[PDB]
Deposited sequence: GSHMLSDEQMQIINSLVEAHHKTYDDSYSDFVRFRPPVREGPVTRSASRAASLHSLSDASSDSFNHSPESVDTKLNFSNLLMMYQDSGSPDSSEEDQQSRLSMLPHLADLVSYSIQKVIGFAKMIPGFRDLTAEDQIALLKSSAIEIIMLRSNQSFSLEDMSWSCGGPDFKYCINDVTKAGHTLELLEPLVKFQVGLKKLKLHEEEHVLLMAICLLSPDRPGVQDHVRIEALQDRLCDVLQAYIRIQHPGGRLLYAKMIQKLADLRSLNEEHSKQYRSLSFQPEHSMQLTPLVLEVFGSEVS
């Protein structure tokens, strides 16, 4: 009926890790190659994604126990979850009012059309936007948002993980935190765990489609040359 000391500690360091890697001022965005509105927006969104990958790596290194996995597992976890964690963390700038991601100025407001001009087809965008709204409607507590990103990152069922048992144990402890938090701390949350765990299933499908689209870009050098080294390493198929 009450979170343990060990639970509240996990939550505190998860929240702090997030606050240290997500800057609500978005002032770093002015350093990206500017947005243009052929593929006008691929330079700017490639930089947005590359920069966000670095933040996600930074968050991951502060998840309890992630750092004590092998470097091989850390990479395996990161290479397969980065795009999902980006999709999750982006919900913090998504607006149901605008149906867009609003990051400061009108120059870093990303419409659906902005993302088609970076290569995406509506068969990736339609479920991406649908996913942001259902997640936004979930009205998650900050504690929950961060738990969910950490649970997503610590999935043992990803291509290439080795110490499967250890990652599952980490992820199990985080789920128990999440369930306890929702029960104790979230009025009317009796249905919320299930909804959140469904959002993880949605992220897998988004991952699948998105990784197909990545493949078609990366096979055209005139577009892959517009990506960043971090992006190509992380979304690339090297093992």
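Absent C-alpha positions map to the deposited sequence ranges 1 to 2, 40 to 99, 302, in order along the chain.
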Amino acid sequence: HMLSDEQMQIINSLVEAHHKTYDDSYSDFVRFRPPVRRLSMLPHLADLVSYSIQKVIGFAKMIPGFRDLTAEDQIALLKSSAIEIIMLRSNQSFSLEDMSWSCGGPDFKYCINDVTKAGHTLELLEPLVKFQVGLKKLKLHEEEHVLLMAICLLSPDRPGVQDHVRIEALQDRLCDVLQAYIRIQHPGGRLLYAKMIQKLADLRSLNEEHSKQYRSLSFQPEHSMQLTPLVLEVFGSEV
From here on, numbers count along this sequence of modelled residues.
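If you superpose the two forms and keep the largest set of C-alpha atoms that fall within 1.5 Å, you have the rigid core.
Per-stretch RMS Cα distance to the displayed form in 9 other deposited structures of this protein, following rigid core alignment, is highest for 179 to 187 when 208 to 216 and 179 to 187 are compared. For the pair 86 to 94 and 110 to 118, the mean Cα B-factor is higher in 110 to 118.
Between 77 to 85 and 133 to 141, the higher mean Cα B-factor belongs to 133 to 141.
Highest CA B-factor among the listed residues (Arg33, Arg38, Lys212, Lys55): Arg38.
Which of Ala60, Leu174, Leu45, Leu191 has the largest Cα B-factor in the deposited entry comes down to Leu191. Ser216: CA B factor in the highest third of modelled residues in this chain (values from the PDB entry). Annotation for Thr70: C-alpha temperature factor in the highest third relative to the rest of the modelled chain, per the entry. Per the PDB record, residue ranking by Cα B-factor puts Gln185 in the highest third of the chain.
The deposited CA B-factor of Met196 belongs to the highest third of values across its chain.
For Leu124, the recorded CA temperature factor ranks within the highest third of the chain's modelled residues.
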